[PDB]
Amino acid sequence: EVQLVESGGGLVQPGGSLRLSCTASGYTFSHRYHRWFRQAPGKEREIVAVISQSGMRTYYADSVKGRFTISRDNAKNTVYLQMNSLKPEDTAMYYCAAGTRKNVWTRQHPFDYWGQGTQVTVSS
């Protein structure tokens with residue numbers, strides 16, 4: 001069975017920090033780029049962070065640059081999103097996904113590499 005199992009999230013005050021994780025099962029985690037994206041009701045989806053297989057390449061949405069850090073531990077099959085300096089505009093459902101270097105989703109059975117999502121809310 002293949003899954004990317006997400007955890008973390010919650011409600012914090014502006015300036016707060018949260019760490020999200022996702023842990024892969026049933027697929028080789030180290031073979032895939034992973035990303036975090038978020039979606040709020042009333043805002044469109046946004047990829048906020050991308051990490052390459054080895055973790056050597058990380059890219060960030062400008063809006064989270066220097067506040068969020070994507071990292072991974074291939075040994076633990078786990079990708080992280082460290083979200084520091086949270087702001088109200090960070091409020092959203094956050095999802096991790098394994099994908100390709102080009103794309104947020106894998107080419108097939110993409111739902112198998114997609115975290116269920118966790119709410120992150122930064123109170124105003």
Side-chain angles (χ1 to χ4, degrees):
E1 144 141 26
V2 194
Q3 56 186 341
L4 182 50
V5 167
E6 187 168 352
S7 57
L11 170 65
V12 298
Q13 289 19 87
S17 75
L18 291 175
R19 194 188 63 169
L20 311 184
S21 319
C22 285
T23 301
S25 253
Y27 76 90
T28 335
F29 173 79
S30 61
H31 289 188
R32 272 178 202 289
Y33 268 62
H34 288 73
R35 293 178 170 74
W36 293 91
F37 69 94
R38 62 183 178 186
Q39 195 213 9
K43 311 182 177 174
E44 73 201 326
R45 288 174 192 102
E46 181 184 20
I47 288 156
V48 299
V50 180
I51 186 158
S52 65
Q53 284 93 355
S54 71
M56 199 175 285
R57 311 187 190 186
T58 49
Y59 317 107
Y60 298 92
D62 281 346
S63 57
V64 313
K65 257 178 197 86
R67 297 185 307 109
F68 291 10
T69 302
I70 189 167
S71 64
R72 59 197 292 164
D73 187 324
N74 285 349
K76 288 180 159 172
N77 284 318
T78 307
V79 55
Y80 306 85
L81 185 69
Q82 177 65 45
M83 297 165 90
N84 296 339
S85 300
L86 286 159
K87 305 178 173 177
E89 45 255 69
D90 299 318
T91 297
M93 283 293 290
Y94 283 70
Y95 294 97
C96 54
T100 70
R101 72 198 304 95
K102 288 177 53 136
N103 191 62
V104 61
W105 305 131
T106 58
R107 303 180 194 76
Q108 54 229 105
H109 325 298
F111 275 17
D112 297 0
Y113 309 84
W114 180 14
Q116 300 156 346
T118 191
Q119 181 67 43
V120 170
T121 299
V122 183
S123 60
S124 64

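Hydrogens, waters and symmetry mates are skipped; everything else that's a heavy atom, side chains included, is used. The residues of the chain are indexed from 1 along the displayed sequence.
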Verdict with supporting geometry, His34 and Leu4, side-chain contact (heavy atoms from CB on, under 4.5 Å): CA-CA 10 Å; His34 288 73; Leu4 182 50; 3.9 Å; yes
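Summarising the geometry of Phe68 relative to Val48, their closest heavy-atom pair is CD2-CG2, 4.3 Å, with the distance given to 0.1 Å. Scanning both residues, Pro88 and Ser123, for their nearest heavy atoms gives CG-O, 4.2 Å.
The shortest distance between side-chain heavy atoms of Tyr60 and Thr69 falls below 4.5 Å. Looking at heavy atoms from C-beta onward, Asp73 lies in side-chain contact with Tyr80 at the 4.5 angstrom threshold. By the 4.5 Å heavy-atom criterion applied to side chains, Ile70 and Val50 are not counted as neighbours. Taking 4.5 Å as the limit, some side-chain heavy atom of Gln82 sits within range of a side-chain heavy atom of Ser17. Proximity of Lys76 to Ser21: side-chain heavy atoms (C-beta onward) are nowhere separated by under 4.5 Å.
Residues meeting the side chain to side chain donor-acceptor pair (under 3.5 Å) test with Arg67, sequence neighbours left out: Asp90.
Of the inter-residue distances, the one linking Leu81 atom CG with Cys22 atom SG reads 9.0 Å to the nearest 0.5 angstrom. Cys96 SG to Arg35 CZ: the interatomic distance, rounded to the nearest 0.5 Å, is 12.5 Å. Atom OG1 of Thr58 and atom CZ of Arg72 lie 11.5 Å apart (nearest 0.5 Å). Between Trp36 atom CH2 and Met83 atom CE the span is 8.5 Å, to the nearest 0.5 Å. Summarising the geometry, atom OG belonging to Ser52 is positioned 14.0 Å from atom CZ belonging to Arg32; distances are rounded to the nearest 0.5 Å. Rounding to the nearest 0.5 angstrom, the gap separating the CG atom in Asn103 from the CD1 atom in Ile47 is 7.5 Å.
Within a 6.0 Å radius of NZ in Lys65, more than 12 heavy atoms belonging to other residues, nucleotides or ligands are found. Heavy-atom neighbours of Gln116 CD from other residues, nucleotides or ligands within 6.0 Å: at or below the threshold of 12.
Side chain of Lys43 to backbone of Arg38: no donor-acceptor contact under 3.5 angstrom is found. Looking only at distances, no side-chain donor or acceptor of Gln39 sits under 3.5 Å from a matching main-chain atom of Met93.
Neither side chain, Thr91 nor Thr121, offers a donor N or O lying under 3.5 Å from an acceptor on the other. Donor-acceptor pairing under 3.5 Å is lacking for the side chains of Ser30 and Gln53.
For residues 40-75, no residue pair satisfies the disulfide bond (SG atoms under 2.5 Å apart) rule, not counting sequence neighbours. Under the ring pair (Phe, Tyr, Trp, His ring centres under 6.0 Å) criterion, the residue pairs touching residues 88-108 are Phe37-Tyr95, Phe37-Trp105, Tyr95-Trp114, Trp105-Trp114, with sequence neighbours excluded.
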